[PDB]
Structure formats: C-alpha cells, structure tokens
Amino acid sequence: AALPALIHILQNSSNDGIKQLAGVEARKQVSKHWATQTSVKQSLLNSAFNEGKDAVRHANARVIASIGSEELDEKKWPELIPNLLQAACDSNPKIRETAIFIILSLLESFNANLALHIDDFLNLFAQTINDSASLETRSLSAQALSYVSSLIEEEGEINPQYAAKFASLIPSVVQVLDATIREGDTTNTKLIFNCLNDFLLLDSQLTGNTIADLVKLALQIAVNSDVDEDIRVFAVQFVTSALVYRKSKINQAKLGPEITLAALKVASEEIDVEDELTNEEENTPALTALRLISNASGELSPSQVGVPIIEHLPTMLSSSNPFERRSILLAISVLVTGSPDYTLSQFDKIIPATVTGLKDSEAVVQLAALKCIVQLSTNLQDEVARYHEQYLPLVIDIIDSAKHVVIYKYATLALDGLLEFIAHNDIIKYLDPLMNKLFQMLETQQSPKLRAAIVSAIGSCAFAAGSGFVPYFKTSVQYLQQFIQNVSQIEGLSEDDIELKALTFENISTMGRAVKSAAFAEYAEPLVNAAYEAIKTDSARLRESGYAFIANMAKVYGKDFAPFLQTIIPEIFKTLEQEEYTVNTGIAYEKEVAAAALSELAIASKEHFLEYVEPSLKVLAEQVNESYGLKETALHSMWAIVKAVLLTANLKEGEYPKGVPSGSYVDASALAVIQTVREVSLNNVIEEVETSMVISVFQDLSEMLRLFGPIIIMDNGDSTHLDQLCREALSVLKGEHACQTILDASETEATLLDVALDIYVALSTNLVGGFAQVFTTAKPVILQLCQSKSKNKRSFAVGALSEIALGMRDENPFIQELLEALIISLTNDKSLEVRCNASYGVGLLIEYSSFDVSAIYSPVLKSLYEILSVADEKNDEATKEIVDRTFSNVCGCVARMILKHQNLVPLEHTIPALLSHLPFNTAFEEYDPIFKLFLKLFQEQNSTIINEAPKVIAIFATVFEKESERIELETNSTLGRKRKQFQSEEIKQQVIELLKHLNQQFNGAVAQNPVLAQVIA
Amino acid sequence: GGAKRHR
C-alpha cells in the first residue's frame, strides 16, 4: 500500500506540481488501499486549511472526501460532517470556503448517508449562498445545491418543507450569477450556469415557477454585447436546453417569439468575414444563436418561431448592415428543417429573398443566400428546384466570379441540390451546357473538397436526366476513373481524398440508375470489383460508398445480382455488428447504407434471398435492441425483408383479401417472418418515449398494411396485436402517449398525429366493414379533432375522415354521422384548405349513402359554390396548390352528387361551372367521377353536355396528352424516382369508346385533334 | 428515398 506514500508527497514535496499530482493519485488509491487511519486524517485536514495555494488546498480536500465516504459506509468518522458544518459558519471566510469545498466533494461522492443530512445542507447552504465575504463560497454553495436537490428527490415522496426551502434558494442563485458576471469571474459564471441547467431537470415542486423567469434572464444576458462572449454562449446554450427539456414552461409564457427575436439579434453581430469565406467555432454568440433558432423551430409551433423571423424578413434583408442581411438568410435556413411546411408556405417571400442574397455586393451575404438555398433543397426538394429558371443563371455566375473557396463550394453545392430534383423534361433544355461547364470546372479546380462537390453535381445531372445521360455516360466514367484507382490503398490519403473517392463510387452508381444496365454493361465488371474492394477496405466511409454502389446495382440488375449474395451478405453482416463507439459517426453512416443495400438486395434477388432471411432478421433484430442510432433504420429494413419474402410468394401489392383473416392467406413459412417483425414493431412503440421511433414504426406499419393487408397485423382470428396497435395509435390522438407525456403544436408533433391517423386510414381500407368495431373508440376523438383550435389539426382530421369513409365505402354504418360532421366543416370552417378537404369526404359519403339525402343537397351545393367562388378570387404557389386542389375536390364532389341523384341537381348552371375548372392541374383522381359523369351524360344524350361537346374534347385532348407525356417519363426517368389521369384501365377504355362515338357523331371532330385521332384509331 | 443518397 503506497497510499500514505502519496499523501506524504502531497504534503511535503518541494514542487507544488508534485504535491498537486500526488494528491490526484492519492484520491484514486483511497478506494483500494484504505490501523493508524487517524494520523493521515489529521495531516490532510491541517494541510487543507493552511496550504498557501488553493490548488494544493483542493487536493487535500478531495482525498478527504473519498476517505469520508469510505468511513460513512462503516458508519465510522461520525465527527466529519458535524465538524465541516461547524467550519462552514466559522468567522474566518477562508475557513468557511474550504469547509464548503470539502462538503461539495463529499456530495460528489454520492454516499448514501448524505441523504440523512438534507436539512443541514439546506439550512447551511441557505446561509452560505449569500456569504458577502467570498464569491467562491457563494458559488460553491450554488454548486452543492444541485446535489442536495437530487438527494431530496430520491425519497419516495419529496418532502414539501424541503422543496419549499430549495424553491426560495433559487433567487439567490440568480444573485450569485450576477455577482460572477459583475466581477468578471468567467470560471464561476460557467459553473453557476450548469447549476441553472440542472434545475431544468428538477421536479416542479423544488423550482417554483421560476423556469420562464430564468429564461427571460438568460436572454437578457445573451443579448447584451458588453458581456464577454464566452459568458453569452453559456446563456444561449441554457435557453436552448430549456426548449429541449422544459418546452411546456416556455409555451405558458409565450417565450418563443422572445427567444426567436433575441437569438435573431445575437446572430446579426459582426463575425470574422475572412474566416467565414475560407475556413473549412460554435463558441461565438452569433453562431450559438443559430443553433437556438434551429432548436426553437423544431420544438415550438411556427407561429412562435417562424412567424417572427418572417415578419422581420423584409427589414433585415434591406438593411445597410451586411450582417443583418446575412443573418435573416441564415436564420431562415435553420428554420426550414424544423418547420418545413411552414417555410414552404412562405416561398412567396423567401424565394425572392434568396434571389436578393445571390445579387448582394458583399460575399458574406451571398454565402448566406447559398446556405439558405442548400437548406431549402435538402428539405423541400422539388419545390426549390422549380425556380431553377432564375437560380441557375445566378448561381453559375457566382461560380465564374468566385474569389473564395467556400463560396465556390456552396455555389457548386447549391447547383447540385437543384439539379438533383429538377424535373426530367426541364433538365434536357440545359443538359449540354451544364455538362460542359461541370467538366470544365472539374478540370480547373484541383482541391479535392471542390472536386468532390463538382462530382456530386455531375452525378445529380445524371439523376435528373435519366436516359438523357447516355451521351455523357462513357465520357464521364472515363474522366472519373482517375478518382477510383488504388481503392484498397488508403494510407497517406487525407479525409477529403477518401471523400473524393467515396463520392465518385456513389455517383457513378447513380449514373447506372440513370442509364440502365444496357449502357452500364461496359463497366459492370471493373466497377463491381472496385466496389467490392471498397467494402474490404478499412475506411468506414469507403466501405459505406461500396454499399451505396451495391444498393444501386441491385436496382439496375435485379435478380441478375443474386450470384454475388454469397460474398456480399457476409460483409454486410460484419458491418452491422460493429461497435458504434465518443460515438464513431463514420460507422453510423456506414451502417445506414449497408442496411439499405441489404434491403435492396432482398427485394431484387427474390427467391435467392430465402436462406438469408433468418440471419438478416437475426442481425437486424439485434441492432434494434442494442444500437445507438440505427434502431429506426434497422426496423425499416426488417420490413423490407418481409416485403421481399411476401413478394416472392407471389402475393401482389394491393391484392389481399379484405377483412379479418380467420386463418392466413400467407404460407405458414412467410407468416412466421411477418409475426417476428410484427412483435418487434409492437415492442418499440409500446411505452416508447422517442417520437422518432414511433413515427418510424407507425409509418412502416401503415405502408405494409396498405401493400399486403391485415395479415401484417393479425392472423388466425387473433387480434392481440391489432388491439395493442389501436391502443397506442388512439393514445397518440388523445395526446397521451409515452413519447408525448414527457394549443399550437410543432410540425413534428403534427406529424405524429398524422401518422397515427394514417394507421386508421390504412386499417379501414384493409378491413372495410370489419373496421367499424375498431373505429368506434377513435371516432369521437377524430371527430373532436375536426373542431380543433389548430387549422393544421383540423385539416389532417377532416382528410383522415374522408379517407376512412373511402375504405369503408357502403359498409360504413356511420355514414350519416360522418356526413353531418363534414357538412358542418364544409359550411362553417374558416380555412379554405379545411373546406377543400371536407368537400372530398362529403361527396364520398353521399356516394355511399343508402338513405335519403335530398334534404342536404341544396345547402351543400350552396357551400360548394361559395368555396369555388373564393378560390376563384385567390387565383404564391402555396396558395395555388390549395386553390387547385379545391378545384379538383369541389368538382369531384358535385360530380359524385350528380351521379348519385342526378335529378336533385340543376345541371344547367352546374355543368358550365364544372367545365370552367377543367382540365385539372392536380388531384387527377377526381377525374374519375367526372369521367363517369361525362360518360352518363352523353349516353343519355343530355342536352347540356351535347351542346358543350367542344370543351369536352379540349379537356380530353389535354387528358390524353398528359397520359402520353407520363408514359414517356416512365421509361426515360432514372430507376427508382399519382400523375395518373385514369384510375383504371376499364375507365380508360370507356373514355376511348365514348371518344369514338363522339367521332361517329358531330362530323368527326374528335379526330380533328392530332392527339385524340391517335387514340381513336 | 426519392433522393439519390442512401444516408
């Protein structure tokens, strides 16, 4: 035992470094080596209160603390805690400061006997926290209180009298914070902030109602530029933590707009423009503020975060202060991730704003515009691309005249994300000049960081262009092979060197998806071997890119790729079983893509995967139980394996028998695989607190029930898993699920509602009339949700009601109750979007009704006509999609009504207004009742339609032109990327037959159309 | 997932 050797060196060494590090090692040894105990005890106490330098003082103290936890377990050294308490109230400030320090060290040991002393500590610290002599004493007291709070809560029932005491000490801890900042004590200002962060986690009885007021205080610190920056970062982090752990308290105070605008002002502060433009921390306040806005947008309603930011968009964007223009753009770009729906609806304001940024004189504003666009494209992919006509020339110019390496990167990075989602027929207009520019750039730039961005942009061209990329395919692969040499040799390659290789593998495989196997056949043998070389390499990033190549190959070659299973599945299983550890992000990414490749292979190599099912579910099941960041993906992949297995049993998507199975329509072998995954799915939603895992689970379950029917959730008349499912789903609707129980909501919470509503919409289509018994518990809640304060909640609910009605059809025994509710919405709701979704349900219910609805035709039609007339006024793509969906839904509803009871409807004014909104621009499913009505009206030789034949042909000209545009895309588009005009082949033929008769009649005006003349013959 | 990348 060299324990005493350590303390003797700690006390008597000539070098303070020695005495210090001796005590550091003495602490470690106390546990292992602790008769003359009392000789060492007294020397330690003496040196603690007398050594000149606090650093050596603290050393002895910490040894004392571990020693004291040892003896209290033997219930020895009874004098320690009483002497320490005596010394804390001694008249010598230095004696008190050292006593409090030792007490904190004791509390840090977490010894159970300290629970016997809650009152002493509360009484003692209530004094010491106000010690006017020593700011260190007050800060140590604040720190000790965090441990005393935990102690009082370990008790089954928290003692009220204690918690009242603690709740009064909180205003004192704020006072210490003021002291530490006035005196410039940054070290203790941090320490106190940690005590405030720890209060967020406490029960409400201990804290009082102080949380909002703490946030209000942290904001006032954070916005004041006189304060040291490092102190302000502390303040912004504290608010950020409050949004995470205590958002309920923030909402009560409506502190969202305060938080947002506070962080918006902090983010408008001067920054290192030169470092911004070339560097490749988040300890400057302006940057921590953006992380605040980010968290705020993800936790609170867009009314709290986004509405303020967008209210301030006009003035900051035109300010003469470049950092304000830069700020509002970056603020938006961090907003889109948490509030993408809200952001998309502000595209009328935001897109012109990013266009303004691209035109700024100051490069820092230009880089903020670009980051904003990148962020827009990542989250709202297609929508941003539509504006390519203005973006592309502005972004290309920035590349040409770029003077800084980071501008070039983000210009290239924005071009990538645009091209990636630009529409097939639009990229063709541009394909040749961009390809020449992209390759011109790839030649010129030599830094791998830039070349990697150009390579991704070039691959994005392939993605958009699909077949249209074949002229460039060979030319491109020739150039790119230079980046994919010596794959196994990773030594001496920089992080970016691997990235330039990894991306080249990934985007060459995206070229194969674009130009399918026939044009890819030239390079399959070398590339597939290279990719397999990457899998065997030792860089997670490089193995990851190999898996990307495999997963894309699976798409291109299908079953032809089965011969490779034997070599690949072994490497995939190895990758997935890796340790994930701080956490190794490179491995996490590598595991995500390997799991994707596994799913893609099973779907592709249909029969051949069967021997791999048990192992793949075994490996994937394991990761669900034990993985850190792969549970959601791993579960999704288990369902992809089921999809592969069911597809191999020639169970066709959508062709299941409706209703509850008294037995099974899947062979016993496949049903075993379903049940295995179904139990794992149910277990990860029941009492699950991560709303990510619930959304993910509910989504997989909803898709798989839609594809393969109720067997996914129940078999052999045993509804045990179906009942558990509804309990959880209904729980989410009531707002009472584990993940909810930690009135405007966050888009994330909205999404949780929708996916639960979608569990019902999927079951109703799967059970039809057998659904009614399940639907009964949810029906009042969903109906209730139709009347919510939230327009978004109303819209989701009314839409789900409509889709439930469609699944139940004429076996709906609640049609009358549903119709009354949706008519109320159709009539009285103030949201056009809600009234539009209601119109769809109303027509469906009327179509399925077998009772008498003559009473409600006149009011419903008057409401419908009004919805049309306000949408006519509004006729900003966000409004245009709602306006256009209203046109389709309203016209669909009238049509369903005329087909149901043609004689209760006056066709004279109705048919004209209907024609006036055809052809549609969206929601072409509502063409189906309109087609059926045009078929009925002509066979009756109904005059109103027969005098209106010319517009009818013009409409079918467009209908048929779009169906052939769409058929072309189906063959040209990249493999794996609702545009249907006809909901069935039968209705298509019936429309065709009518087009012939129209030709027989009316002097053949149908054939006078190139488009229909082609279809008539 | 309707995008080119798999991560």
# chains A, B, ... in the order shown; residues from 1 in each chain; ligands from 1

call {"tool": "interface_residues", "arguments": {"of": "chain B", "to": "chain A", "cutoff": "6 Å", "atoms": "only C-alpha atoms", "output": "CSV table (one decimal) with C-alpha atoms, in the first residue's frame"}}
result
chain,number,residue,atom,x,y,z
B,2,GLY,CA,-36.8,9.5,-53.8
B,6,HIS,CA,-28.9,6.5,-49.1
B,7,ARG,CA,-27.8,8.1,-45.8

call {"tool": "residues_around", "arguments": {"residues": "residue 365 of chain A", "least_positions_apart": "2", "cutoff": "12 Å", "atoms": "only C-alpha atoms", "output": "PyMOL selection string"}}
result
chain A and resi 268+273+276-277+316-330+353-363+367-372+407

call {"tool": "closest_residue", "arguments": {"among": "A:689, A:911, A:48, A:868", "to": "residue 739 of chain A", "atoms": "only C-alpha atoms"}}
result
A:689

call {"tool": "residues_around", "arguments": {"residues": "residue 951 of chain A", "least_positions_apart": "4", "cutoff": "12 Å", "atoms": "only C-alpha atoms", "output": "count of residues only"}}
result
18

call {"tool": "atom_distance", "arguments": {"atom1": "atom CA of residue 487 of chain A", "atom2": "atom CA of residue 601 of chain A"}}
result
23.4 Å

call {"tool": "closest_residue", "arguments": {"among": "A:294, A:241, A:101, A:975", "to": "residue 1 of chain B", "atoms": "only C-alpha atoms"}}
result
A:975

call {"tool": "closest_residue", "arguments": {"among": "A:33, A:424, A:606, A:349", "to": "residue 965 of chain A", "atoms": "only C-alpha atoms"}}
result
A:424

call {"tool": "residues_around", "arguments": {"residues": "residue 300 of chain A", "least_positions_apart": "2", "cutoff": "9 Å", "atoms": "only C-alpha atoms", "output": "PyMOL selection string"}}
result
chain A and resi 243+247+251+256+295-298+302-305+338+744-747

call {"tool": "atom_distance", "arguments": {"atom1": "atom CA of residue 67 of chain A", "atom2": "atom CA of residue 166 of chain A"}}
result
28.5 Å
